[PDB]
Every structure is written in C-alpha cells, then in structure tokens.
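A.B. asks: Residue 16 in the entry's author numbering sits at position 16 of the sequence shown, and the numbers go up by one each step.
In this text, a Cβ means the ideal position worked out from N, Cα and C, and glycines have one as well.
Supplied in structure tokens, the structure appears directly below.
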Amino acid sequence: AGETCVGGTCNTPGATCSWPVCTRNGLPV
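Okay, structure coming up:
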C-alpha cells in the first residue's frame, strides 16, 4: 500500500524494502 522505506525500515512486519517504498511477496505494501 502506502508503506514507504525512506528511513530504511517499514511499519508493516515482514515487509521488504524497495526504497523509497516497501513491498511484500512482490507486491507493494
């Protein structure tokens, strides 16, 4: 969804970093 990885960390648990956003299972968080 709107999970960002600007700080190098996501709020959503088990989310992968994809600066400046976050993805999980190949899908945006």
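#1: Going by other Cβ atoms of all chains shown within 10 Å of its Cβ, with 16 needed for buried, is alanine 15 buried or exposed?
#2: Spatial neighbours of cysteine 10 within its chain, please: CB distance less than 6 Å, with the 5 preceding and 5 following residues excluded, ordered by chain position.
#3: Could you have a look at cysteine 22 and say whether DSSP puts it in helix, strand or coil?
#4: DSSP beta-bridge partners for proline 28?
#5: Under 6 Å Cβ to Cβ from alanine 1, same chain only, skipping five residues before and after it: list those, please.
C.D. replies: For this structure:
#1: The residue given as residue 15 occupies position 15 in the sequence shown. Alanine 15 is classed as buried because its beta carbon has at least 16 other beta carbons within 10 Å across all chains shown.
#2: Here residue 10 corresponds to residue number 10 of the sequence shown, with the count starting at 1. So the list reads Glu3, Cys22, once near-sequence residues are dropped.
#3: Within the sequence shown, the letter at position 22 stands for residue 22. In the three-state reduction of the DSSP assignment, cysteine 22 falls in the strand class, which pools E and B.
#4: Taking the first residue of the sequence shown as position 1, residue 28 is located at position 28. Residue pairing for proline 28: DSSP places it in a beta bridge opposite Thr23.
#5: If you number the sequence shown from 1, residue 1 lands on position 1. Around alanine 1: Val29.
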